[PDB]
Amino acid sequence: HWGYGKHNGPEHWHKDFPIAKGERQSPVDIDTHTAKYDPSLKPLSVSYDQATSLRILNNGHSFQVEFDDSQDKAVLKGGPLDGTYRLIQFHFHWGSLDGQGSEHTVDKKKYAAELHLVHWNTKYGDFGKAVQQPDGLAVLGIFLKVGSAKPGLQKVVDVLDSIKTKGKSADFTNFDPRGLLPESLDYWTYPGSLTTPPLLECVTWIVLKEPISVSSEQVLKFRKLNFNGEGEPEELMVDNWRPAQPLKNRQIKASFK
Ligand SMILES: CCOc1ccc2nc(S(N)(=O)=O)sc2c1
Ligand SMILES: [Zn+2]
């Protein structure tokens with residue numbers, strides 16, 4: 001099975017998922033001086049006022065908060081997108097130390113963690129159909145830096161003990177993902193891929209310029225999760241991030257000057 005360990009980590013993924021060496025892989029380093037400002041880009045439109053969270057799950061390589069996506073409750077529109085994208089889940093990537101953890105980097109700077117809000121294009125009817133299409137997903141990426149606490153993240157931090165090992169889930173209702181957004185919605189965008197297997201090249205990435213702050217205590221609680229299932233040898237869930245991949249024939253666009 002693939003993972004983030006020495007014997008099954010990202011450098012090995014291509015043997016089972018040859019698209020790992022593809023032309024539009026993620027994540028990438030965002031070179032701020034080379035990104036192109038595009039005044040054609042629209043502001044993002046984040047519509048999360050009716051979101052309905054359902055569950056939180058330790059999937060063995062991250063934890064994810066899942067949402068009801070059977071109706072246009074929580075949607076993303078605008079920016080570089082065409083059409084309406086529904087929120088299905090968010091999850092994080094983080095490090096063993098505060099100096100690493102994010103997937104995207106900015107001028108080679110790593111952040112302590114990265115939040116992915118994953119949305120699928122409703123014109124494809126369901127998420128499994130959307131990931132086979134080059135415009136099927138839109139992922140909102142938010143960097144986390146260590147500093148002050150993020151009050152809106154604490155309900156998540158508080159339930160992690162319940163889902164410590166792989167395959168455990170818990171009811172997680174009435175969570176409002178608006179409390180995870182930064183103040184500004186300025187962004188970079190490029191065409192890319194899922195950053196875990198199957199690494200499909202179906203994602204429009206929208207990476208926010210402004211990080212959110214979280215406290216050292218909040219991130220430390222992430223690092224107490226386990227990659228293993230209950231009853232198995234304890235392996236702490238840390239450094240579940242992929243390297244920056246080559247940009248190849250892609251242009252990163254910025255919504256801001
Ligand atoms: C297709 C089975 O579900 C998947 C698989 C990988 C995957 N990676 C991301 S990420 N890290 O946001 O690029 S969301 C996601 C959903
Ligand atoms: Zn992710």
# chains A, B, ... in the order shown; residues from 1 in each chain; ligands from 1

$ select_by_dssp --residues "stretch 140-204 of chain A" --states "helix (DSSP H, G or I)" --output "list in words"
residues 151, 152, 153, 154, 155, 156, 157, 158, 159, 160, 161, 162, 163, 177, 178, 179 and 180 of chain A

$ write_last_selection --atoms "N, CA, C and O atoms" --output "PDB file, in the first residue's frame"
ATOM      1  N   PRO A 151      -9.752  30.121  16.540  1.00  0.00           N
ATOM      2  CA  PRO A 151     -10.895  29.616  17.329  1.00  0.00           C
ATOM      3  C   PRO A 151     -11.749  28.675  16.498  1.00  0.00           C
ATOM      4  O   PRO A 151     -12.147  27.609  17.008  1.00  0.00           O
ATOM      5  N   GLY A 152     -11.992  28.989  15.231  1.00  0.00           N
ATOM      6  CA  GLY A 152     -12.839  28.124  14.408  1.00  0.00           C
ATOM      7  C   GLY A 152     -12.273  26.750  14.138  1.00  0.00           C
ATOM      8  O   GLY A 152     -12.939  25.864  13.606  1.00  0.00           O
ATOM      9  N   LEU A 153     -11.020  26.499  14.489  1.00  0.00           N
ATOM     10  CA  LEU A 153     -10.452  25.150  14.278  1.00  0.00           C
ATOM     11  C   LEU A 153     -10.576  24.291  15.503  1.00  0.00           C
ATOM     12  O   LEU A 153     -10.380  23.081  15.478  1.00  0.00           O
ATOM     13  N   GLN A 154     -10.927  24.898  16.659  1.00  0.00           N
ATOM     14  CA  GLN A 154     -10.848  24.119  17.896  1.00  0.00           C
ATOM     15  C   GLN A 154     -11.848  22.989  17.976  1.00  0.00           C
ATOM     16  O   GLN A 154     -11.487  21.929  18.538  1.00  0.00           O
ATOM     17  N   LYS A 155     -13.076  23.113  17.475  1.00  0.00           N
ATOM     18  CA  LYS A 155     -13.988  21.972  17.483  1.00  0.00           C
ATOM     19  C   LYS A 155     -13.409  20.757  16.755  1.00  0.00           C
ATOM     20  O   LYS A 155     -13.593  19.595  17.109  1.00  0.00           O
ATOM     21  N   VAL A 156     -12.654  21.000  15.682  1.00  0.00           N
ATOM     22  CA  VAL A 156     -11.981  19.893  15.007  1.00  0.00           C
ATOM     23  C   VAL A 156     -10.896  19.285  15.875  1.00  0.00           C
ATOM     24  O   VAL A 156     -10.763  18.080  16.038  1.00  0.00           O
ATOM     25  N   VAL A 157     -10.033  20.128  16.448  1.00  0.00           N
ATOM     26  CA  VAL A 157      -8.933  19.647  17.271  1.00  0.00           C
ATOM     27  C   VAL A 157      -9.483  18.805  18.425  1.00  0.00           C
ATOM     28  O   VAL A 157      -8.909  17.769  18.782  1.00  0.00           O
ATOM     29  N   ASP A 158     -10.591  19.269  19.004  1.00  0.00           N
ATOM     30  CA  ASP A 158     -11.120  18.579  20.186  1.00  0.00           C
ATOM     31  C   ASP A 158     -11.631  17.180  19.920  1.00  0.00           C
ATOM     32  O   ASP A 158     -11.724  16.368  20.850  1.00  0.00           O
ATOM     33  N   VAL A 159     -12.002  16.834  18.682  1.00  0.00           N
ATOM     34  CA  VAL A 159     -12.544  15.503  18.423  1.00  0.00           C
ATOM     35  C   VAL A 159     -11.475  14.520  17.946  1.00  0.00           C
ATOM     36  O   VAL A 159     -11.752  13.339  17.728  1.00  0.00           O
ATOM     37  N   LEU A 160     -10.226  14.950  17.744  1.00  0.00           N
ATOM     38  CA  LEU A 160      -9.243  14.065  17.122  1.00  0.00           C
ATOM     39  C   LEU A 160      -8.949  12.850  17.970  1.00  0.00           C
ATOM     40  O   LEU A 160      -8.662  11.763  17.470  1.00  0.00           O
ATOM     41  N   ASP A 161      -9.016  13.010  19.292  1.00  0.00           N
ATOM     42  CA  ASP A 161      -8.724  11.847  20.134  1.00  0.00           C
ATOM     43  C   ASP A 161      -9.640  10.662  19.843  1.00  0.00           C
ATOM     44  O   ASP A 161      -9.178   9.530  20.004  1.00  0.00           O
ATOM     45  N   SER A 162     -10.867  10.919  19.430  1.00  0.00           N
ATOM     46  CA  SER A 162     -11.895   9.950  19.107  1.00  0.00           C
ATOM     47  C   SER A 162     -11.598   9.156  17.842  1.00  0.00           C
ATOM     48  O   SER A 162     -12.083   8.045  17.641  1.00  0.00           O
ATOM     49  N   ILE A 163     -10.791   9.749  16.960  1.00  0.00           N
ATOM     50  CA  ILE A 163     -10.549   9.115  15.659  1.00  0.00           C
ATOM     51  C   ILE A 163      -9.065   8.869  15.451  1.00  0.00           C
ATOM     52  O   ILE A 163      -8.440   9.144  14.429  1.00  0.00           O
ATOM     53  N   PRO A 177     -17.541  25.746   8.085  1.00  0.00           N
ATOM     54  CA  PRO A 177     -16.174  25.904   7.580  1.00  0.00           C
ATOM     55  C   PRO A 177     -15.822  27.354   7.264  1.00  0.00           C
ATOM     56  O   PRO A 177     -14.649  27.607   6.968  1.00  0.00           O
ATOM     57  N   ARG A 178     -16.764  28.286   7.360  1.00  0.00           N
ATOM     58  CA  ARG A 178     -16.367  29.685   7.239  1.00  0.00           C
ATOM     59  C   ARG A 178     -15.356  30.114   8.275  1.00  0.00           C
ATOM     60  O   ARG A 178     -14.574  31.062   8.031  1.00  0.00           O
ATOM     61  N   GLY A 179     -15.309  29.468   9.432  1.00  0.00           N
ATOM     62  CA  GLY A 179     -14.320  29.923  10.403  1.00  0.00           C
ATOM     63  C   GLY A 179     -12.915  29.470  10.091  1.00  0.00           C
ATOM     64  O   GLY A 179     -12.019  29.678  10.915  1.00  0.00           O
ATOM     65  N   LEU A 180     -12.712  28.858   8.917  1.00  0.00           N
ATOM     66  CA  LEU A 180     -11.344  28.459   8.582  1.00  0.00           C
ATOM     67  C   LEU A 180     -10.749  29.352   7.516  1.00  0.00           C
ATOM     68  O   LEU A 180      -9.599  29.088   7.115  1.00  0.00           O
TER      69      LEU A 180
END

$ residues_near_ligand --ligand "ligand 2" --cutoff "9 Å" --atoms "only C-alpha atoms and all ligand atoms" --output "number ranges by chain"
A: 62, 90-93, 103, 114-118, 139, 141, 194-196, 241

$ residues_around --residues "residue A:147" --least-positions-apart "6" --cutoff "12 Å" --atoms "only C-alpha atoms" --output "PDB file with N, CA, C and O atoms, in the first residue's frame"
ATOM      1  N   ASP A  98       7.471  22.430  12.806  1.00  0.00           N
ATOM      2  CA  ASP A  98       6.733  23.573  12.295  1.00  0.00           C
ATOM      3  C   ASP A  98       7.270  24.120  10.969  1.00  0.00           C
ATOM      4  O   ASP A  98       6.526  24.872  10.311  1.00  0.00           O
ATOM      5  N   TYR A 111       5.046  25.982   4.782  1.00  0.00           N
ATOM      6  CA  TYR A 111       4.254  26.301   5.943  1.00  0.00           C
ATOM      7  C   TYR A 111       4.063  25.061   6.811  1.00  0.00           C
ATOM      8  O   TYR A 111       4.362  23.921   6.433  1.00  0.00           O
ATOM      9  N   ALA A 112       3.514  25.266   8.018  1.00  0.00           N
ATOM     10  CA  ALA A 112       3.393  24.122   8.921  1.00  0.00           C
ATOM     11  C   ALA A 112       2.329  23.110   8.542  1.00  0.00           C
ATOM     12  O   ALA A 112       2.351  21.950   8.962  1.00  0.00           O
ATOM     13  N   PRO A 211      -2.185  33.204   4.672  1.00  0.00           N
ATOM     14  CA  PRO A 211      -2.267  32.021   5.531  1.00  0.00           C
ATOM     15  C   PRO A 211      -3.229  32.292   6.687  1.00  0.00           C
ATOM     16  O   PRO A 211      -3.537  33.453   7.002  1.00  0.00           O
ATOM     17  N   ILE A 212      -3.683  31.239   7.329  1.00  0.00           N
ATOM     18  CA  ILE A 212      -4.368  31.427   8.615  1.00  0.00           C
ATOM     19  C   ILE A 212      -3.356  31.049   9.685  1.00  0.00           C
ATOM     20  O   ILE A 212      -2.438  30.265   9.463  1.00  0.00           O
ATOM     21  N   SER A 213      -3.525  31.628  10.880  1.00  0.00           N
ATOM     22  CA  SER A 213      -2.653  31.234  11.980  1.00  0.00           C
ATOM     23  C   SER A 213      -3.340  30.190  12.857  1.00  0.00           C
ATOM     24  O   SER A 213      -4.555  30.241  13.060  1.00  0.00           O
ATOM     25  N   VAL A 214      -2.557  29.238  13.349  1.00  0.00           N
ATOM     26  CA  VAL A 214      -3.058  28.324  14.375  1.00  0.00           C
ATOM     27  C   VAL A 214      -2.010  28.234  15.481  1.00  0.00           C
ATOM     28  O   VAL A 214      -0.851  28.618  15.280  1.00  0.00           O
ATOM     29  N   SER A 215      -2.372  27.732  16.655  1.00  0.00           N
ATOM     30  CA  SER A 215      -1.361  27.712  17.724  1.00  0.00           C
ATOM     31  C   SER A 215      -0.527  26.456  17.680  1.00  0.00           C
ATOM     32  O   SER A 215      -0.901  25.423  17.099  1.00  0.00           O
ATOM     33  N   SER A 216       0.647  26.494  18.322  1.00  0.00           N
ATOM     34  CA  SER A 216       1.484  25.301  18.382  1.00  0.00           C
ATOM     35  C   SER A 216       0.704  24.142  18.989  1.00  0.00           C
ATOM     36  O   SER A 216       0.831  22.990  18.584  1.00  0.00           O
ATOM     37  N   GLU A 217      -0.133  24.433  19.992  1.00  0.00           N
ATOM     38  CA  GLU A 217      -0.928  23.406  20.630  1.00  0.00           C
ATOM     39  C   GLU A 217      -1.933  22.756  19.681  1.00  0.00           C
ATOM     40  O   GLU A 217      -2.197  21.563  19.790  1.00  0.00           O
ATOM     41  N   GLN A 218      -2.504  23.594  18.816  1.00  0.00           N
ATOM     42  CA  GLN A 218      -3.471  23.023  17.883  1.00  0.00           C
ATOM     43  C   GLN A 218      -2.792  22.084  16.923  1.00  0.00           C
ATOM     44  O   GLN A 218      -3.266  20.981  16.676  1.00  0.00           O
ATOM     45  N   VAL A 219      -1.650  22.478  16.348  1.00  0.00           N
ATOM     46  CA  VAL A 219      -0.986  21.575  15.412  1.00  0.00           C
ATOM     47  C   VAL A 219      -0.439  20.328  16.088  1.00  0.00           C
ATOM     48  O   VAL A 219      -0.375  19.231  15.536  1.00  0.00           O
TER      49      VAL A 219
END

$ select_by_dssp --residues "stretch 105-157 of chain A" --states "strand (DSSP E)" --output "CSV table (one decimal) with N, CA and C atoms, in the first residue's frame"
chain,number,residue,atom,x,y,z
A,105,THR,N,4.4,25.3,-1.9
A,105,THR,CA,5.4,26.2,-1.3
A,105,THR,C,5.3,27.5,-2.0
A,106,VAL,N,5.8,28.6,-1.4
A,106,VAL,CA,5.7,29.9,-2.0
A,106,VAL,C,7.1,30.5,-2.0
A,113,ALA,N,1.4,23.6,7.7
A,113,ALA,CA,0.3,22.7,7.3
A,113,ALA,C,-0.4,23.3,6.1
A,114,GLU,N,-1.3,22.5,5.5
A,114,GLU,CA,-2.1,23.0,4.4
A,114,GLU,C,-3.5,22.4,4.5
A,115,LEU,N,-4.5,23.2,4.4
A,115,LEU,CA,-5.9,22.8,4.4
A,115,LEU,C,-6.4,22.7,2.9
A,116,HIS,N,-7.0,21.6,2.6
A,116,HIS,CA,-7.6,21.4,1.2
A,116,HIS,C,-9.1,21.3,1.4
A,117,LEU,N,-9.9,22.3,0.8
A,117,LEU,CA,-11.3,22.1,0.7
A,117,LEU,C,-11.7,21.6,-0.7
A,118,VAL,N,-12.2,20.4,-0.8
A,118,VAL,CA,-12.3,19.8,-2.1
A,118,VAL,C,-13.7,19.9,-2.6
A,119,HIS,N,-13.9,20.4,-3.8
A,119,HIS,CA,-15.2,20.6,-4.4
A,119,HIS,C,-15.3,19.9,-5.8
A,120,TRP,N,-16.5,19.5,-6.2
A,120,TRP,CA,-16.6,18.8,-7.5
A,120,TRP,C,-17.7,19.5,-8.4
A,121,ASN,N,-17.4,19.5,-9.7
A,121,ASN,CA,-18.2,20.2,-10.6
A,121,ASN,C,-19.6,19.5,-10.9
A,137,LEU,N,-12.6,18.9,-10.6
A,137,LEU,CA,-12.5,19.2,-9.2
A,137,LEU,C,-12.0,20.6,-9.1
A,138,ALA,N,-12.3,21.3,-8.0
A,138,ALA,CA,-11.6,22.5,-7.6
A,138,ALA,C,-11.2,22.4,-6.2
A,139,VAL,N,-10.0,22.6,-5.8
A,139,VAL,CA,-9.5,22.5,-4.5
A,139,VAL,C,-9.0,23.8,-4.0
A,140,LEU,N,-9.5,24.3,-2.9
A,140,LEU,CA,-9.1,25.5,-2.3
A,140,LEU,C,-8.0,25.2,-1.3
A,141,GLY,N,-6.8,25.7,-1.4
A,141,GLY,CA,-5.7,25.5,-0.6
A,141,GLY,C,-5.5,26.7,0.3
A,142,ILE,N,-5.3,26.3,1.6
A,142,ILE,CA,-5.0,27.4,2.6
A,142,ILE,C,-3.8,27.0,3.4
A,143,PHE,N,-2.8,27.9,3.5
A,143,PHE,CA,-1.7,27.6,4.4
A,143,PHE,C,-2.0,27.9,5.9
A,144,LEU,N,-1.3,27.1,6.7
A,144,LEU,CA,-1.4,27.4,8.2
A,144,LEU,C,0.0,27.7,8.6
A,145,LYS,N,0.1,28.8,9.4
A,145,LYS,CA,1.3,29.2,10.0
A,145,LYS,C,1.1,29.2,11.5
A,146,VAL,N,2.2,28.9,12.2
A,146,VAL,CA,2.1,28.8,13.7
A,146,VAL,C,2.2,30.2,14.3

$ closest_residue --among "A:1, A:32, A:189, A:221" --to "residue A:15" --atoms "only C-alpha atoms"
A:1

$ residues_around --residues "residue A:244" --least-positions-apart "6" --cutoff "8 Å" --atoms "only C-alpha atoms" --output "list in words"
residues 26, 27, 28, 29, 103, 104 and 105 of chain A

$ write_last_selection --atoms "N, CA, C and O atoms" --output "mmCIF file, in the first residue's frame"
data_model
loop_
_atom_site.group_PDB
_atom_site.id
_atom_site.type_symbol
_atom_site.label_atom_id
_atom_site.label_comp_id
_atom_site.auth_asym_id
_atom_site.auth_seq_id
_atom_site.Cartn_x
_atom_site.Cartn_y
_atom_site.Cartn_z
ATOM 1 N N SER A 26 0.566 17.854 -9.061
ATOM 2 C CA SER A 26 0.598 18.766 -7.930
ATOM 3 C C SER A 26 1.206 18.083 -6.699
ATOM 4 O O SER A 26 1.244 16.850 -6.633
ATOM 5 N N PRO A 27 1.685 18.859 -5.719
ATOM 6 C CA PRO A 27 1.743 20.297 -5.693
ATOM 7 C C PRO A 27 2.928 20.891 -6.452
ATOM 8 O O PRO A 27 3.703 20.142 -6.992
ATOM 9 N N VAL A 28 3.016 22.207 -6.478
ATOM 10 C CA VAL A 28 4.148 22.867 -7.135
ATOM 11 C C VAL A 28 4.618 23.993 -6.231
ATOM 12 O O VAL A 28 3.966 24.460 -5.286
ATOM 13 N N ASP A 29 5.818 24.492 -6.517
ATOM 14 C CA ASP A 29 6.283 25.705 -5.888
ATOM 15 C C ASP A 29 5.713 26.909 -6.611
ATOM 16 O O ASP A 29 5.743 26.981 -7.855
ATOM 17 N N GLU A 103 2.068 21.400 1.248
ATOM 18 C CA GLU A 103 2.296 20.711 -0.032
ATOM 19 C C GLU A 103 2.782 21.736 -1.050
ATOM 20 O O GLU A 103 3.904 21.574 -1.577
ATOM 21 N N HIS A 104 1.975 22.787 -1.243
ATOM 22 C CA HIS A 104 2.463 23.902 -2.060
ATOM 23 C C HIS A 104 3.506 24.643 -1.244
ATOM 24 O O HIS A 104 3.472 24.637 -0.006
ATOM 25 N N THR A 105 4.427 25.310 -1.937
ATOM 26 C CA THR A 105 5.389 26.195 -1.292
ATOM 27 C C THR A 105 5.318 27.549 -2.015
ATOM 28 O O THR A 105 4.827 27.557 -3.154
#

$ atom_distance --atom1 "atom CA of residue A:200" --atom2 "atom CA of residue A:165"
26.6 Å

$ closest_residue --among "A:170, A:88, A:185, A:75" --to "residue A:47" --atoms "only C-alpha atoms"
A:75

$ closest_residue --among "A:205, A:37, A:2, A:13" --to "ligand 1" --atoms "only C-alpha atoms and all ligand atoms"
A:205

$ residues_around --residues "residue A:35" --least-positions-apart "5" --cutoff "12 Å" --atoms "only C-alpha atoms" --output "list in words"
residues 29, 30, 106, 107, 187, 188, 189, 190, 247, 250, 251, 252, 253, 254, 255, 256 and 257 of chain A

$ closest_residue --among "A:172, A:61, A:6, A:12" --to "residue A:226" --atoms "only C-alpha atoms"
A:61

$ atom_distance --atom1 "atom CA of residue A:168" --atom2 "atom CA of residue A:17"
26.6 Å

$ closest_residue --among "A:72, A:126, A:11, A:82" --to "ligand 1" --atoms "only C-alpha atoms and all ligand atoms"
A:126

$ atom_distance --atom1 "atom CA of residue A:164" --atom2 "atom CA of residue A:57"
9.4 Å

$ residues_around --residues "residue A:171" --least-positions-apart "2" --cutoff "10 Å" --atoms "only C-alpha atoms" --output "mmCIF file with N, CA and C atoms, in the first residue's frame"
data_model
loop_
_atom_site.group_PDB
_atom_site.id
_atom_site.type_symbol
_atom_site.label_atom_id
_atom_site.label_comp_id
_atom_site.auth_asym_id
_atom_site.auth_seq_id
_atom_site.Cartn_x
_atom_site.Cartn_y
_atom_site.Cartn_z
ATOM 1 N N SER A 53 -22.172 19.643 7.730
ATOM 2 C CA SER A 53 -21.124 18.646 7.958
ATOM 3 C C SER A 53 -21.819 17.406 8.514
ATOM 4 N N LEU A 54 -21.223 16.249 8.252
ATOM 5 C CA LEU A 54 -21.814 14.994 8.670
ATOM 6 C C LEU A 54 -20.926 14.195 9.595
ATOM 7 N N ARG A 55 -19.632 14.114 9.231
ATOM 8 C CA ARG A 55 -18.789 13.107 9.851
ATOM 9 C C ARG A 55 -17.323 13.505 9.807
ATOM 10 N N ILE A 56 -16.511 13.048 10.722
ATOM 11 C CA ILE A 56 -15.048 13.198 10.578
ATOM 12 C C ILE A 56 -14.443 11.809 10.584
ATOM 13 N N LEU A 57 -13.453 11.549 9.724
ATOM 14 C CA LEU A 57 -12.937 10.213 9.524
ATOM 15 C C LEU A 57 -11.404 10.195 9.464
ATOM 16 N N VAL A 65 -13.144 15.904 7.063
ATOM 17 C CA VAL A 65 -14.485 16.289 7.510
ATOM 18 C C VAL A 65 -15.377 16.181 6.288
ATOM 19 N N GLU A 66 -16.492 15.450 6.306
ATOM 20 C CA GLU A 66 -17.330 15.218 5.150
ATOM 21 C C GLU A 66 -18.635 16.008 5.219
ATOM 22 N N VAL A 159 -12.002 16.834 18.682
ATOM 23 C CA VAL A 159 -12.544 15.503 18.423
ATOM 24 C C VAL A 159 -11.475 14.520 17.946
ATOM 25 N N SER A 169 -14.332 6.783 12.747
ATOM 26 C CA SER A 169 -15.117 7.956 12.408
ATOM 27 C C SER A 169 -15.967 8.431 13.576
ATOM 28 N N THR A 173 -21.422 17.152 13.286
ATOM 29 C CA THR A 173 -22.478 17.963 12.729
ATOM 30 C C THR A 173 -22.332 19.429 13.162
ATOM 31 N N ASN A 174 -22.964 20.291 12.389
ATOM 32 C CA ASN A 174 -23.053 21.715 12.618
ATOM 33 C C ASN A 174 -21.690 22.388 12.703
#
